[PDB]
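Working notes for the structure below.
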Amino acid sequence: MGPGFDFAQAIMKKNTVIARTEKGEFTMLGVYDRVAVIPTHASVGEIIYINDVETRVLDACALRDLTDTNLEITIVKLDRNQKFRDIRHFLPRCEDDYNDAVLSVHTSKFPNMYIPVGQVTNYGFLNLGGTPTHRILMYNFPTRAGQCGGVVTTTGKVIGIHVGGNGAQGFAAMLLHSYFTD
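Everything in the sequence shown is counted per the authors' numbering, starting at 0 for the first residue and increasing by one.
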């Protein structure tokens with residue numbers, strides 16, 4: 000409807016796949032080459048389904064900060080025959096607050112879903128499903144089951160992936176450029 004949705008749509012159309020694990024179906028953001036991200040609570044194993052195709056996981060790393068606190072991001076390298084468009088230049092370098100964000104989801108349950116969530120706070124610490132978690136972004140939208148892995152964007156930036164909610168607020172794990180240096 001506007002330049003926010005334009006950016007979100009551009010990311011969804013080229014940089015997302017449907018990931019299925021034994022814990023559910025997730026929006027999965029491809030970042031570069033065969034590297035993607037998913038919430039750690041997806042419990043990625045040796046095999047994952049990508050757009051309903053059996054795919055070997057070449058590597059999976061559940062990220063933690065240097066205090067050994069959960070970040071709720073898992074970086075996955077996929078045994079896929081095709082690379083993602085490189086979107087690492089759209090990743091923020093530092094922790095920050097944002098205006099006018101969009102949360103975009105693409106699953107069997109929620110195809111082509113875009114939500115204008117508005118103001119995004121650098122919330123920091125969250126007890127997420129009983130797990131202490133850092134670098135949490137917060138938006139005042141009542142997000143629901145099926146939205147985990149959803150991409151949070153502003154015009155020009157891919158800033159996080161949706162990892163939970165409490166019925167009134169939604170929470171995303173930050174994406175930082177420094178996670179994806181090679």
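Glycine is no exception: its CB is placed at the ideal position from the N, C-alpha and C atoms.
- Listed in chain order, the non-local C-beta contacts of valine 56 below 8 Å within the same chain comprise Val43, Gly44, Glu45, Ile46, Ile47, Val75, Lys76, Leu77 and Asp78, local neighbours out to five positions each way being set aside.
- Residue environment for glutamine 146: buried (at least 16 other C-beta atoms within 10 angstroms of its C-beta).
- By the 16-neighbour rule on beta-carbons within 10 angstroms, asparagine 69 is buried.
- Around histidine 105, the same chain offers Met11, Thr15, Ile17, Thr26, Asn111 and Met112 as residues with beta carbons nearer than 8 Å, after the five sequence neighbours per side are excluded.
- If you draw a straight line from the Cα of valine 34 to the Cα of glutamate 21, it is about 20 Å long.
- Each residue's CA atom was taken as its position, placing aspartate 85 and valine 30 some 6 Å apart.
- Secondary structure in the segment 72-131: the beta strand (DSSP E) runs of 3 residues or longer, each lying completely within the stretch, are 97-104 and 112-127 in chain order.
- One Cα belongs to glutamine 8, the other to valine 162, and the distance between them is close to 20 Å.
- For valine 101, the closest alpha carbon among the candidates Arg87, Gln118 and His133 is that of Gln118.
- Its Cα nearest to that of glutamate 71, the residue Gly123 stands out among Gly123, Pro141 and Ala167.
- DSSP places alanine 172 in the uninterrupted beta strand (DSSP E) bounded by 169-173.
- In terms of Cα proximity to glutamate 24, the closest of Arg134, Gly166 and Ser107 is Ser107.
- In the structure shown, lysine 22 adopts coil according to DSSP, grouped into three states.
- Under the DSSP definition of a beta bridge, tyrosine 138 partners with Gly169.
- When only Cα atoms are considered, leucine 28 and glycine 159 end up about 10 Å apart.
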